[PDB]
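In the form deposited in one PDB entry, a lone chain appears below as structure tokens.
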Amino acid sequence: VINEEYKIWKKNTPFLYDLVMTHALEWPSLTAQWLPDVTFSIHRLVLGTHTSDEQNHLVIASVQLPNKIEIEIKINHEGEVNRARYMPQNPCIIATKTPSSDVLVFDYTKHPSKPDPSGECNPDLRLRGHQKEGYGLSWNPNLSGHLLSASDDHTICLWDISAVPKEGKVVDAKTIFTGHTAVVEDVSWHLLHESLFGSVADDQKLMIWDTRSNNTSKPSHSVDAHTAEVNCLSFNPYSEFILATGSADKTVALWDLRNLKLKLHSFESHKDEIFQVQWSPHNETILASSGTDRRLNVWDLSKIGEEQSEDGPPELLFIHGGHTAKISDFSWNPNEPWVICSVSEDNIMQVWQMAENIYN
């Protein structure tokens, strides 16, 4: 099945894409994110390893794009990297989620390009608070050094590291949020309001929190969001009231903060559980989602309701069928419109750009 779809994808790449690059990493990555700086041009990616042994690393890769893929640095990491995210105000600083439940902070510029063969991990900060590992990880883009994390322990932790010397120290969570009653799968700050953030969990809820509230056990809003676990959310960077959630129910839901009683839209086409959803960094109507069905779907909300001649609803702009295994993470390139990096369980990293005629 997979093998037949893939053969058909390969034949069609020149008509569906302006760019496709494929690279098989040594070990699969659970995480992917484009760093914001660009020096053809040179772009960089934060990646991690997931191994059957003890050779784990935080990884920075370089990618040459029209204006090859190489490992620039590996940094010893304690166990697999569940997720890694750079701090928007200083992208030398990367947070990572470890299986032990610690969240680690690295300044990658402080490390040798070849990792220490001893295998020792030497993080610049070790952030304590969780009793279990997890995935959700989010830096506040309006308040430097405030980091949210979501865990399988049912909690969200918040740290404020802005006054802490990055000299190897342990920092406890400033606040712990306890409103969910099951694994918290994802957490994200609002992109314009420094006090607001969302969380989603296996209790099927989206919660909206306000850090100004004295009550850490009850959010400002609690939304019955999906008919199964909610794995990811993303706030729209250009539309202050709009956000999206993705779920084991196979849908992405669209929400408005002004009235969360009613879902705005349900984007339906995935055939299996969704793990990631991200808004386009360039276009306010554009989002993407990926997961267990090995597909990455790109949606355009300006097309909801449009007359068609179907293969899918009109808001489905593009299905990326290049991966042949579950997609673990993906990232929109913030410097070259429509370029995405996606990574899958079978070690494949793809860097691709759909054909201009599709969105044009």
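Residue positions are given as counts along the sequence shown, with the first one as 1. For the two forms, the rigid core is made up of the largest set of C-alpha atoms that agree within 1.5 Å on superposition.
Quiz prompt | Across other compared entries, residue 167 missing in at least a third | solution = Yes, residue 167 lacks coordinates in at least a third of the other compared entries that model both of its neighbours.
Does residue 302 go missing in at least one third of the other entries compared here? No, modelled in all of them.
Between residue 52 and residue 53, how many residues of the deposited sequence have no coordinates in this entry: none, 1 to 3, 4 to 9, or 10 or more?
Gap between residue 52 and residue 53: none, chain continuous.
query = Does the entry skip any residues of the deposited sequence between residue 309 and residue 310, and if so, is it 1 to 3, 4 to 9, or 10 or more, or none at all?
reply = The entry has 4 to 9 unmodelled residues between residue 309 and residue 310.
Look over 58-66 and 288-296 in the entry and identify the one with the greater average Cα temperature factor. It is 58-66 that shows the higher mean C-alpha B-factor.
Name the higher of the two by mean Cα B-factor in the PDB entry, 95-103 versus 150-158. Averaged over C-alpha atoms, the B-factors run higher in 95-103.
Next on the checklist: Between 277, 84, 163, 248, which one tops the list for Cα B-factor in this entry?
Outcome noted: Checking the PDB record, the top C-alpha B-factor among 277, 84, 163, 248 is at 163.
Looking at the C-alpha B-factor values in the deposited entry, which of 32, 42, 327, 316 comes out highest?
Highest CA B-factor of the listed options: 42.
Position of residue 234 among the chain's modelled residues by C-alpha B-factor, lowest, middle or highest third = Lowest third of the chain for residue 234's C-alpha B-factor.
Q.
Using the temperature factors of the C-alpha atoms in this entry, rank residue 335 within its chain: lowest, middle or highest third.
A. For residue 335, whose C-alpha B-factor we compare with every modelled residue in the chain, the answer is the highest third.
**Prompt:** Can you tell me which third, lowest, middle or highest, the CA B-factor of residue 13 falls into for its chain?
**Reply:** Highest third.
| request: State the tercile, meaning the lowest, middle or highest third, of residue 219 with respect to the CA B-factors recorded for its chain. | output: It belongs to the middle third of the chain when residues are ordered by C-alpha B-factor.
request  = Taking the values exactly as deposited, rank residue 110 by C-alpha B-factor within its chain and report the matching third: lowest, middle or highest.
outcome  = Residue 110: CA B-factor falls in the highest third of its chain.
Only in words, not in the display: the form deposited in another entry, which the text now covers.
Item to complete: After fitting the rigid core, tell me which of 133, 80, 202, 249 has its Cα displaced by at least 2 Å between this form and the one not shown.
Response: Among the listed residues, the outlier is 133.
Next on the checklist: Does residue 227 shift between this form and the one not shown by 2 angstroms or more at the C-alpha, the core having been superposed?
Outcome noted: No, residue 227 moves less than 2 Å.
With both forms fit on the core, has residue 165 moved 2 Å or more by CA between this form and the one not shown? Indeed, residue 165 is displaced by 2 Å or more.
query: Can a Cα shift of no less than 2 Å be assigned to residue 121 between this form and the one not shown, given superposition on the rigid core?
result: After core superposition, the displacement of the residue 121 C-alpha between this form and the one not shown reaches the 2 Å mark, so yes.
So the C-alpha spacing of residue 334 and residue 125 changes by 3 Å or more in the other form; is that change toward closer or farther than shown?
Pair moves farther apart in the other form.
Practice item. Work out the direction of the Cα-Cα change for residue 132 and residue 326 in the other form: closer or farther than in this form? It's 3 angstroms or more. Key: Compared with this form, residue 132 and residue 326 lie closer in the other form.
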